[PDB]
Every structure is written in C-alpha cells, then in structure tokens.
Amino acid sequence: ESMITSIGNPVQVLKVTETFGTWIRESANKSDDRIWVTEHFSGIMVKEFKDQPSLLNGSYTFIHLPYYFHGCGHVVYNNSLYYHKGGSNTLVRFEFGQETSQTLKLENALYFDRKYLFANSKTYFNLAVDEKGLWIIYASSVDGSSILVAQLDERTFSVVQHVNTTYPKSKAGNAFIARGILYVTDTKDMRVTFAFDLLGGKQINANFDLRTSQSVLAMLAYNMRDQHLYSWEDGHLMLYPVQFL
C-alpha cells in the first residue's frame, strides 16, 4: 500500500572517530529525547545520552549490559534494547528501567564464523521496528544464503511468522523495514535494489537511490517515530528523510 519512492538529502548530526557503531532513538509513541550509542563490533557497554544537545556535548552515562553485543543492528522499542548476544544465535531484550532481560533463540540462523547477513558491517542479526511489527532480519543456516525475517510478538518476545525472502545475502549491503516492506541495498550500499512485502509474502519491485557517499555503512535503520532513516557511516551519524507514495 505505502511504498518508498525516494530518499532525501542526509543531515549530519555528529562525527566521531569510531568507524563502526550505532545510534538509536526510541521508536514508540513516548516523547523520549534519549539517544543510545554503541561503538565497534563487540562490547558490553552502551552510552546513553539525555538528548541531542548532550550527544553533541559528549555527555553520557554508561549502561552495562547483561550479555555482550555483537554488531550494529540493535533497535530500541518501548524502553527496551533488542540486540544480538555475540557468539550465539540468541537475541536479548534489555529493559532500560528495570535492568532486567529476556532471551530468544533463532535456531536456523547464521551467527558465527564470519558467515554474515551483511558482511559490510559484520552484521548477523538486524533487529527493526516499524508501523507493522517488531522484526529480526537474519540469514539462513540451512542454505547459508537466504535472507529471512522473523515477525515477533512483542508481548512474549517470540516468533510468530518466519518469512523467507529467498534473496541471497551475497547481494545485500544492508536493509531497513518501513510500513511492512523490507528494502535491501546493493553491495555498495548506494541504492535500494530489492524489496519484499513481509506480511503479503511476495517480492515487490524497488529500485531507487539511497546515498551518494561511498563511506562504509555500519548501520541503517528506519524509525517510525519520525519516518527518517538513521545511519552510521564511517563515524558520521546521519539522518535521511524518506518520501512515500
């Protein structure tokens, strides 16, 4: 029903020295100013910034996680961080307020040995939230290739539908999900060249430009709160507008 037709010019919010990382805002209807950051491909700490002025000021508080993260594909939904427990096929839900956590295993997902979903960012699992669901993008350990998406029930942190896109990870740079549609970039992370209607179970044509920069892309995520794409590009924290049709 609602497909992206183009991506606007990016805004640079901050530049830092860490080539790879993520920056994340709350996605739910909450009026939350906080920004969460991780750096590098593994660790057990998150930097919490009160708001965007604090981000620009370098003023944060460390959050110690219950399990090490891997990668740059985490997401925040309803005051919980959803992330990949490094070296396992386990995803973690960590509630920021109560500091409790729950775990979910995806048994037929690649998760080690550099058999990545997105090689460009060493991503095994890309967690995402949009208007239509809470999602995990991953790659099949049955065939070593196919991009799969799990639809979760947020109330039980469990999978309710497994979607096989049939698209080979070798052709994917990165991806995001918006209004129920998976969008996958080319291997250079410059254009979106594949899309899939997740709940309808079918591929849909998509071919549109994403960005002109060639800097390495660590993270790419749609936030339904503001309908922007958030990215981390060679240490540059960027936001892009998106145009729907």
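Note that residue numbering follows the sequence shown and begins at 1.
A.B. asks: Averaging CA B factors per stretch from the PDB record, which one is higher: 45 to 53 or 207 to 215?
C.D. replies: Of 207 to 215 and 45 to 53, the stretch with the higher C-alpha B-factor average is 207 to 215.
A.B. asks: When the Cα temperature factors in the entry are averaged, is it 187 to 195 or 23 to 31 that ends up higher?
C.D. replies: Mean C-alpha B-factor is greater for 23 to 31.
A.B. asks: Kindly indicate the residue among 97, 71, 87, 144 with the greatest C-alpha B-factor in the PDB record.
C.D. replies: Answer, based on the entry's C-alpha B-factors: 97.
A.B. asks: What third of the chain does residue 155 rank in for C-alpha temperature factor, lowest, middle or highest?
C.D. replies: Answer is highest: the recorded C-alpha B-factor places it there.
A.B. asks: Relative to the other modelled residues of the same chain, rank the CA B-factor of residue 36 and answer lowest, middle or highest third.
C.D. replies: Middle third, going by the recorded CA B-factors of the chain.
A.B. asks: Would you mind checking where the Cα B-factor of residue 130 ranks among the modelled residues of its chain, as the lowest, middle or highest third?
C.D. replies: Its C-alpha B-factor, which the entry lists for residue 130, ranks in the lowest third among residues of this chain.
A.B. asks: Among the chain's modelled residues, which third holds the C-alpha B-factor of residue 221?
C.D. replies: It falls in the bottom third of the chain.
A.B. asks: Taking the chain's C-alpha temperature factors as the reference, tell me which third residue 170 falls into: lowest, middle or highest.
C.D. replies: Its C-alpha B-factor, which the entry lists for residue 170, ranks in the lowest third among residues of this chain.
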